[PDB]
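Shown next, in structure tokens, is the structure this report addresses.
Protein chains: 2
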Amino acid sequence: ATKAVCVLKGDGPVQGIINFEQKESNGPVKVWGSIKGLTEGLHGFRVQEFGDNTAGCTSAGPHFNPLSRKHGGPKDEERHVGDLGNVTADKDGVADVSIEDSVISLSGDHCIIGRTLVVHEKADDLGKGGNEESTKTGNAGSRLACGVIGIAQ
Amino acid sequence: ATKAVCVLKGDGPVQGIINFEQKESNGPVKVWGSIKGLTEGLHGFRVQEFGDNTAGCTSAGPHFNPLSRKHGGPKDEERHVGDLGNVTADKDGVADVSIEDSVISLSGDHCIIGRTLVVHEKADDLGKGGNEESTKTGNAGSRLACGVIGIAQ
Ligand SMILES: [Ca+2]
Ligand SMILES: [Ca+2]
Ligand SMILES: [Zn+2]
Ligand SMILES: [Zn+2]
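Residue numbers (the deposited numbering), protein chains in the order written: chain B, 1 to 153; chain A, 1 to 153.
So, in structure tokens, the structure goes:
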């Protein structure tokens, strides 16, 4: 039963706190929390490879992709491990995040502890945009906030 | 071979970047970087158990102590895993950190990835203060800046 947590911050209004819980080894990870300061609608939501915030959100590298796959949605067979799809901000600009994923883990090879969680300007198009950026990252625009994923109590 | 990185930030002027490098598993970890905005003199420098920054540096818990020992200096056998002693700020407030430690690790059970690095207001008394706080935290005063230790390239 591991827990993790992440504080999302950036150079703008976007901030949040995201919790991670995995009841057993290689079981589903429940990810939930709250991000505010967002425009209403869909925002790309993913784990980047490195927990390096030295140059803001730009230093965290590619989507966490240890199996060298293409970008997709979380429900797609073809996806990066880091690919957590979208979160949805209500009219008030708050996304009440609640996701369950079995590809990410809080331990082992797919472990995301010490890596970067990031939220984006626009929707992750899940690889369906018909351009190169879609294929690579889902074309979700700017990084708005990020943080390193830490061990929680 | 493993690398890690930490951005230290707080509510005041204290900020820095600390790098970690372990050439071989369970071998010595090289820790180096720079911290600025500090008062001249010694400052406590340690790894706290949790990579939890939700309520600032207070939510990271006690010093990382998987072997259930008392607080010490890094050179002592009686020490917490997270006990990295003091760093030294010059007259300009800049601490050029360079530590080598073989008790902390970037893998296995003494692994510090996903935990919090913190720098303090005052010197760590290294367990020689003759009170209960001394053998708990080393009486290093307020936490001035912290960050979660992340995986680096
Ligand atoms: Ca799994
Ligand atoms: Ca060791
Ligand atoms: Zn991706
Ligand atoms: Zn200690």
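Idealized CB from N, CA, C, for every residue including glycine.
In chain order, the residues with a C-beta atom nearer than 5 Å to some heavy atom of ligand 4 are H63/A, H71/A, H80/A and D83/A.
With the criterion CB distance below 6 Å from any heavy atom of ligand 1, the matching residues run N26/B, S102/B and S105/B along the chain. Exclusion of the five residues before and after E132/A leaves no residue of its chain whose Cβ lies closer than 7 Å to its Cβ. Under the criterion of beta carbons closer than 8 Å, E78/A and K70/A qualify as touching, at roughly 5 Å.
Interface annotation for the stretch 30-58 of chain A against chain B: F50, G51, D52, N53 and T54, criterion Cβ-Cβ distance under 7 Å.
With a 10 Å radius around the Cβ and a threshold of 16 neighbouring Cβ atoms, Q153/A comes out exposed. When DSSP assignments are scanned along the stretch 27-67 of chain B, the uninterrupted stretches of beta strand (DSSP E) that are 3 or more residues long and fall wholly within it turn out to be 29-36, 41-48 and 54-57.
Using beta-carbon distances, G114/B counts as an interface residue toward chain A, with a partner under 7 Å.
The C-beta distance from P28/A to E100/A rounds to 5 Å, short enough to fall under 8 Å. Residue burial is scored here from C-beta neighbours: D96/B has fewer than 16 other C-beta atoms within 10 angstroms and is therefore classed as exposed. Not a single CB atom of chain B sits nearer than 7 Å to the CB of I18/A.
Collapsing the DSSP output to three states places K128/B in coil. In this structure, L106/A and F20/A form a Cβ contact; the two beta carbons are roughly 6 Å apart against a cut-off of 8 Å.
Nearest CB-CB separation between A152/B and chain A: below the 7 Å threshold. Per DSSP, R143/B is one residue of the beta strand (DSSP E) stretching across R143 to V148. Closest in C-alpha terms to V5/B, from the list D124/B, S102/B, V118/B and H43/B, comes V118/B.
In the DSSP annotation of this structure, the continuous segment of the beta strand (DSSP E) that includes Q15/A starts and ends at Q15 to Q22. Interface flag for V94/B against chain A is unset, since no Cβ pair is found closer than 7 Å. Sorting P62/A, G127/A and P13/A by C-alpha distance to the C-alpha of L144/A places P13/A at the top. Taken in chain order, the unbroken stretches of beta strand (DSSP E) that lie wholly in the stretch 86-113 of chain A and span 3 residues or more are 95-101. Chain-ordered, the chain B residues with CB closer than 7 Å to the CB of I149/A read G114. In the three-state reduction of the DSSP assignment, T137/B falls in the helix class, which pools H, G and I. In the same chain as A60/A, and ignoring 5 residues on each side of it, the C-beta atoms closer than 6 Å to its own belong to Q48, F50, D52 and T116, in chain order. Shown in chain order are the members of the stretch 57-79 of chain B whose Cβ falls below 7 Å from a Cβ of chain A: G61.
At a C-beta separation below 8 Å, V119/B has no neighbours in chain A, since its nearest C-beta there lies roughly 16 Å away. Note on geometry: alpha-carbon atoms of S98/A and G33/A lie some 7 Å from one another.
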